[PDB]
Every structure is written in C-alpha cells, then in structure tokens.
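**Student:** just need the structure, nothing else, for what follows:
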Amino acid sequence: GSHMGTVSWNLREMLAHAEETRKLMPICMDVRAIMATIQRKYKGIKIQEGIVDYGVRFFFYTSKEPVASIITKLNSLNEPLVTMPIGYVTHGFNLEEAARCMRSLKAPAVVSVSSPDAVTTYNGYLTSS
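**Tutor:** Numbering: from 1, shown residues only. Next up is the structure itself:
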C-alpha cells in the first residue's frame, strides 16, 4: 500500500519482489553481498556498467562513476525501483549521507536497512532539518 517508501526487507525478499513486480533493481557492481547472488541464480547474464534485461532489468554501475551520476541516470527511467542505499561502501558513507544521497532521486526507490527499527531512522534523515 502506498509507494512502500522505506522498509525492512532482506536481499531475497527485495530480489523476489521485483521478479514478481515491475520495479527496476539497480545494484552496484561493488557489492558481493548482492552481485554473487545474481551470478549464482541467473547464469545467462553478462556484467557491464549498462542496463541488462535478464531477470530484473538489472542496472549495474562501477564505483568509477559518482553516486550523483547514478541518481541522474535513474531519474530518467521514471519507474518505481527497489534497492539498498547505493552510497554507503562504494563511497564510504554513513546512514545519513546514504539517505541524503537516495532522497535526490525523484522516482520512488523502495529502500531497506539492516533492521525494522532503523526503517524510520533512515526516513528521519530524508526529513532532517
């Protein structure tokens, strides 16, 4: 209900949700927690910095490109999305920086944290003053 916003799913839930539904799954190449699970599950795919059209429209990126430029590309797809906060490790951010990054994307990326309790904490930073 509503746009889901900010939640506590897990990697399997987040993946399977956008298998079943029509959300993009943007993923950083720099995340073995996720990357490995794609090449494990989906065999018939090629990694690049581009769009892929195998499984869940996977839009991969190299750490080479700035976080702001990923937001910029994603702003043009204008689909609802499901991801983890892109900038946390591939830029060495913390949870607040990681939030104020994602907020920049107009299209609704459903996004998750490592606990149901932190779901509001994350949203907290979107609406900081």
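
**Student:** all strands for this protein, in order.
**Tutor:** 6-7, 26-28, 59-61, 81-83, 109-112 (DSSP state E).

**Student:** so for residue 20, which of those strands sits nearest?
**Tutor:** strand 81-83 (10.9 Å; C-beta to C-beta). From N, CA and C alone the C-beta is placed, and that goes for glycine too.

**Student:** counting by contacts, list what the closest one packs against.
**Tutor:** The contact analysis (3 or more C-beta pairs under 8 Å, 6 or more residues apart in numbering; DSSP states H and E) places strand 81-83 against helix 11-20, strand 26-28, strand 109-112.

**Student:** helices of this structure, residue ranges please.
**Tutor:** In the chain, the helices defined using DSSP state H lie at 11-20, 32-41, 67-77, 95-102, 118-126.

**Student:** distance to residue 4 and mean neighbour count added to those helices, as a markdown table?
**Tutor:** As requested, the helices of the chain are exported to a markdown table (distance: least, C-beta to C-beta, whole Å; neighbours: other C-beta atoms under 10 Å):
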| stretch | distance to residue 4 | mean neighbour count |
| --- | --- | --- |
| helix 11-20 | 9 | 15 |
| helix 32-41 | 19 | 13 |
| helix 67-77 | 17 | 15 |
| helix 95-102 | 14 | 19 |
| helix 118-126 | 11 | 15 |
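
**Student:** so which of the strands of the chain comes closest to residue 124?
**Tutor:** Closest among the strands of the chain, once you apply C-beta to C-beta, is strand 6-7, at 9.7 Å.

**Student:** in PDB, list the C-alpha atoms belonging to stretch 8-23.
**Tutor:** Output of stretch 8-23 as PDB, limited to C-alpha atoms (Å, rounded to 0.1, in the frame of the first residue of the first chain):
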ATOM      1  CA  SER A   8      13.000  -3.700   6.200                       C
ATOM      2  CA  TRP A   9      13.100  -6.400   3.600                       C
ATOM      3  CA  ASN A  10      16.000  -8.800   3.100                       C
ATOM      4  CA  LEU A  11      18.100  -9.500  -0.100                       C
ATOM      5  CA  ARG A  12      15.800 -12.400  -1.000                       C
ATOM      6  CA  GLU A  13      12.600 -10.500  -0.400                       C
ATOM      7  CA  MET A  14      13.900  -7.400  -2.300                       C
ATOM      8  CA  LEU A  15      15.000  -9.600  -5.300                       C
ATOM      9  CA  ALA A  16      11.900 -11.800  -5.500                       C
ATOM     10  CA  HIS A  17       9.600  -8.800  -5.100                       C
ATOM     11  CA  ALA A  18      10.900  -7.200  -8.300                       C
ATOM     12  CA  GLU A  19      10.900 -10.600 -10.100                       C
ATOM     13  CA  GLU A  20       7.200 -10.700  -9.300                       C
ATOM     14  CA  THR A  21       6.600  -7.000  -9.900                       C
ATOM     15  CA  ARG A  22       7.700  -4.300 -12.300                       C
ATOM     16  CA  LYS A  23      10.300  -2.500 -10.300                       C
END
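
**Student:** cool, thanks, talk later.
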